[PDB]
Each structure stands twice: as structure tokens, then as C-alpha cells.
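Just one chain is shown here, as C-alpha cells, and it is the form deposited in one PDB entry.
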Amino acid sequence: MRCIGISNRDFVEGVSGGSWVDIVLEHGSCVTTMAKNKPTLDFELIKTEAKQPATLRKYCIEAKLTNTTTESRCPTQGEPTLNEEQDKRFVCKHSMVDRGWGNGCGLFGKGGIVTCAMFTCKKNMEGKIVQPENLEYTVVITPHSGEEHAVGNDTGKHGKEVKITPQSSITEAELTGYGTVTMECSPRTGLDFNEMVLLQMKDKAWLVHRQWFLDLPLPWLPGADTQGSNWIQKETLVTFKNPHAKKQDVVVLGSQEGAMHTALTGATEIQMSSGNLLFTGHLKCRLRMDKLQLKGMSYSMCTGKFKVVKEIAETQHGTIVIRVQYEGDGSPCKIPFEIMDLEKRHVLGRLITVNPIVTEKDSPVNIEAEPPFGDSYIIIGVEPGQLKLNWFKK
């Protein structure tokens, strides 16, 4: 009954005869499955967690230049040389400056120069690759127990959590009391997982095109990196200025954080809490309910009368939910429940929460029925005090 109250709720019914039903889940969605002489169940896909992707690459989006040093030579004295010219943490550039008496040389002319500054990354992205094979989809199955606090309760303490993997065959489900049901799940994500890379920025984390990712004009380190200093293309964030041949300067290009966001507009976002993300993927599964069995078809209809505990409420999908309490002595019994017509002649509606049964003189029961459009009557209980609440749909 977890679905009762969710906007994006899909109702799925069993193939007339065959106790097999196909459903589709996706974060922000809910599915209420029904099947002849079978408990009504609610399925929701909690989380979709990639186990441990691989760091394809690692871009630096903000750096600091330090320990700047420079070497120069007089005209006709060959190129300058700096040891740092070989230190992978340093970024260097050769250039030329005017030289003459006024500044150390006996000759006037363009003299060679070379400047180096130590590049230290301050913040970095981290593109990653995920393989559908290793995607553990968690799914919570909440049966329409009718339990007092079940309606819309998203605690989890009402359904049975089930872990699933495409590379884990067909998984089984133990529904404490109803038996067992089995799910035949297959990946079937939105976009390809090879052409797409999982980019991450301390919190916001998208999913972009492999190529676009790699073409990013930013200092980077190959995934297999551990050093975290020998950045490739350090100059994509470093600029060398020598305007009047006097001196040469090295500058930082400042944080690219926002620029990345600004460029990840069309990209596919993906909320994620340090490892448990909430993707976008139609996770299809097949349901076998052969081992599933109604609860207590060994009980007898109740004879006593019921007291509406919580007034009939209509859901965003035309269904109605009502809560009632049993006052009869019957003890563990079934609740009479029909959606008759205006004259109590025929039947016009169906129970969504199939086979309603009281379990304790003092535990109210929640029932979700689906009345027709227009009028109908919700007839609950039997003759002595039979509630005959009227209703109008859509």
C-alpha cells in the first residue's frame, strides 16, 4: 500500500489466466500489481547503485601556480635552461626579451628566456565508466495488507527489500505470509553505457558522452593515476604573457566549476548520495506469482458490523481508500466489501486491495477499491448494520 498517494502510480493486472505479469519501474514511479486470486502488491524501485565504476580520467578544474622561477641568456648565448623544465609538476615556456647594457649584456638584441611555475591542482572532476552488468537495483515490495499504518507509509518497515542484478539470474521474493513471488529482471537503461561517462563534482553528478568528456580542454590525469601531480595539458589553465619583451608572466585561469555546470545544461543530471544514486532507467521485470497465495482463504466472512475509522478519500487516480474498524466478535475473519450500483442490484466496482480481512478487534483495516465513474455504493459488512456509504467518481 506504499503506492497509495503517489502521483506516478501505474496499475498492472495479470494476463487473464497466466499468473505472470510484466511491470516497469523507475525512480519516482510506483506500480500496483493485481492478479486473479492473488494478493495485490506494490512495487517501487528504491535505489540503483553502480558497484564500483572505473575512473576513466580526472580533470583539474581549478589550480594554483607557485614556486615560479626563470632563466635567461644574453643575445648569442644559446637558450636558457631550468631544471624544472623537466619536473612534470612544473609548466614552462621559452620566450625572448630585449637585452643590452642597461640590463646585463654587452650586446643589444633579443635574448632568450624560459619561465616555469609549479602547478598544483585544487579541485578536480572525475569522469567514470559504469557497466550495466554490475548495477544492483534495490526494490521494495509492499503487499496490500490493509494494515493500519500501511497506506502511503514509506518507512520500508512494511515491504520486503529485494536486491537485484542482471548478472544474477532470476531473484526470488519471500513475502512473509503470502508465500513467494519471483522477479525476472533485465537491464534496459536509457542510453548506452559505453558512449556515456559518469561525471562527478563533489555532489552534482551527470552522465555525458564519452567523447565530449575526453575533449574537455582541461588539465588531466589518466584514471590509473595515484600521483596526482603530473597533470597533462597543464597549459589549458596557464597563460604566458610577454607584451613588451621585458619579462614573461605565468597566470592561472581560475576555477572552471561553474563553467562546467553551465556546459552541463543539456546533460543528464543524476542525484547521488556518496554512492547511492537515483538514475533514469526503465527497469523491466517479469512477475511469476505461482508460489504466491491469498492470505486466509480459510477464514469466514465476518458477521458483525464495521465503523468507518477514516472517511473515504479519493486518490489522484480515481481509486478510493477507506479505513474501518470491526466491532463484531468474529475475530480473524474476512470483510464483506462490494461496490454495488445505485439500487444495490448489480456490482460496479472492484477491490484494489483484494481480499480484506480483520485480524484484531482493535486494529483498523485499510481498503482501496476502484469504484466506477459516477455514482455507486460502497457496501461494507453484512445485514445487521451494513454500511452503505454512497460515492461519486471523477
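Rigid core: the largest C-alpha set superposing within 1.5 Å between the two forms. From 1 onward, residues are counted along the sequence shown.
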| property | result |
| --- | --- |
| Of 176-184 and 315-323, the one with larger mean CA B-factor | 176-184 |
| 117-125 set against 218-226, stretch whose average Cα temperature factor tops the other in the entry | 218-226 |
| Options 237, 199, 289, 96 - largest CA temperature factor per the record | 289 |
| Out of 193, 231, 101, 206, highest CA B-factor residue | 193 |
| Record-listed C-alpha B factor of residue 159: chain third | middle |
| Among modelled residues of the same chain, the CA temperature factor third for residue 213 | middle |
| Residue 351, C-alpha B-factor rank within chain (lowest, middle or highest third) | lowest |
| Residue 362, C-alpha B-factor rank within chain (lowest, middle or highest third) | highest |
| Chain thirds of CA B-factor: placement of residue 267 | highest |
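Below, we turn to the form deposited in another entry, even though it does not appear here.
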{"query": "Moved residue between the shown form and the other one - picked from 254, 275, 104, 318, where its Cα shifts 2 angstroms or more relative to the rigid core", "finding": "275"}
{"query": "Pair residue 162/residue 273, Cα separation in that other deposited form versus the displayed form, closer or farther by 3 angstroms or more", "finding": "farther"}
{"query": "Inter-Cα distance between residue 230 and residue 275 in that other deposited form, nearer or further [3 Å or more]", "finding": "farther"}
